[PDB]
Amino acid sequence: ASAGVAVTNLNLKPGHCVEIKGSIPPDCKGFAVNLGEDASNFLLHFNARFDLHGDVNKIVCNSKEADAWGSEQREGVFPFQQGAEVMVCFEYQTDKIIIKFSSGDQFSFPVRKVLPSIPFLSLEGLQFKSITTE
């Protein structure tokens, strides 16, 4: 809303990727990028937390099924700074989604539901600059 674009009919199929460019509000405790079927089912919820729910400078990744959050996965890397810009790429593969940052860092997250395509994308706490898929 404030910072929360939603893309529908994304049509992201295996072997393709979507890159997001945004800027992080100074008053932001964290931002999230969600990839899924709709607002209640996320294949991937990528949440960079600066100071949120007890996590300080930690990336929490999870899936959501029918509004019930899955098994969280946490990552050590955190190449973000408030007020700075952000460039993340998500590469969708049938067996995993690989997240890459402009910083050169990368990690993978398991695909818990093989979908023919990912129709929905939404951002939270991120001021949208550009979205592009290949």
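Note that residue numbering begins at 1 and tracks the sequence as displayed.
Taking the PDB entry as given, 77-85 carries the higher mean Cα B factor of the two stretches 77-85 and 59-67. The stretch 24-32 shows the higher mean C-alpha B-factor when 44-52 is compared against 24-32 in the entry. Among the modelled residues of the chain, residue 7 sits in the lowest third by CA temperature factor in this PDB entry. Among all modelled residues in its chain, residue 126 ranks in the highest third by Cα B-factor.
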